[PDB]
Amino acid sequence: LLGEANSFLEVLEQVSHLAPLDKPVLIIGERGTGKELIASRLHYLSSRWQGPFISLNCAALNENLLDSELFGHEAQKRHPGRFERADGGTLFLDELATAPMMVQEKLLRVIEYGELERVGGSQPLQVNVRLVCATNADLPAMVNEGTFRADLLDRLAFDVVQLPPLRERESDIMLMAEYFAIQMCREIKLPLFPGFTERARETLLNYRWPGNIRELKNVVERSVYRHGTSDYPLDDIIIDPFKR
């Protein structure tokens, strides 16, 4: 993983201590800051490392589909949900704050009882899953508004990993930019990355990176491609490809 910023190193140290626990971990961070990567690090550093790592984006599914994707539904005889698929392993729920209140209630019940309720006939399913969740919402604010369950937060938020946005990671922007530029040079067969000019560095370090590391990679790849030479340093950082 790339980065030297104290804020980021401190996250890695925190994760090394949290991973062996069976307790739920809440990751607060912006898109592209490595939420899923950290969730997967928690899994692979934990005693569950040989078990499944399953992900789901709560924001991507309507309420009824989220409900059946997480908790499963009947009808060859059953469509297992993500809790069942994660049994013995880890389930990463991204965009937690978008889960509808009915889902939040059902999530609290699974955490506190350790089983998934079942329609008549079939008995409840036991599940044994280590949960990691993420969002950039202000969850305490949502609790005040009535849009996030306080009880659920008392279960999910055993501890909180705060992932710093790229704009708050010291000089990690240039370290990562260089790394990404070099890999794009290999992809388009340039013999050497010719460096970034001061203008390019100013552009990179002054931009907010709303898309963080995902956005940085894309911008840098496009910029290297457009430059297309090892003869002269890269000067033009193409943040916005919709202008020109």
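Each form is matched to the other, and the largest set of C-alpha atoms that superpose within 1.5 Å is called the rigid core. In case it trips you up, residue 1 is the first one in the sequence shown, and so on.
Exercise. 60 to 68 versus 182 to 190: which one's CA atoms end up farther from this form in 4 other deposited structures of this protein after a core fit?
Worked result: Comparing 182 to 190 with 60 to 68, the larger C-alpha deviation in 4 other deposited structures of this protein belongs to 60 to 68.
Exercise. Quick one: with the core lined up, is it 130 to 138 or 162 to 170 that wanders further in 4 other deposited structures of this protein, going by C-alpha RMS?
Worked result: The answer is 162 to 170, which departs more from the shown form in 4 other deposited structures of this protein.
For this session: Report, as yes or no, whether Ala99 is left without coordinates in at least one third of the other compared entries.
Result: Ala99: modelled in every other compared entry.
Exercise. For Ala75, does the count of other compared entries lacking it reach at least a third?
Worked result: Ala75: unmodelled in at least a third of the other compared entries.
Problem set entry | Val119-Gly120 interval: deposited residues absent from the model | Unresolved stretch here: none.
Problem set entry | Between 130 to 138 and 80 to 88 (mean CA B-factor, as deposited), the higher | Going by the record's values, the stretch with the higher mean is 80 to 88.
Problem set entry | Greater mean Cα temperature factor according to the PDB record, 108 to 116 or 162 to 170 | Higher mean C-alpha B-factor in the PDB entry: 108 to 116.
For this session: Quick one: which of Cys185, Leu42, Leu216, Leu61 shows the highest Cα temperature factor in the PDB entry?
Result: Largest recorded C-alpha B-factor: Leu61.
Exercise. For the listed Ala99, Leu156, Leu93, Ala150, which has the peak Cα B-factor recorded in the PDB entry?
Worked result: By C-alpha B-factor in the record, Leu156 ranks first.
Problem set entry | For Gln50, the third of its chain into which the C-alpha B factor falls | Within its chain, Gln50 is a highest-third residue by C-alpha B-factor, going by the deposited values.
Exercise. Comparing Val103 with the other modelled residues of its chain, is its CA B-factor in the lowest, middle or highest third?
Worked result: As the PDB entry reports it, the C-alpha B-factor of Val103 lands in the lowest third of its chain.
For this session: Select lowest, middle or highest to describe the third in which the CA B-factor of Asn57 falls within its chain in this entry.
Result: CA B-factor rank for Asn57: middle third.
Problem set entry | Chain-relative CA temperature factor third for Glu221 | As the PDB entry reports it, the C-alpha B-factor of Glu221 lands in the lowest third of its chain.
Problem set entry | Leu70, C-alpha B-factor rank within chain (lowest, middle or highest third) | For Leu70, the deposited C-alpha B-factor lands in the middle third.
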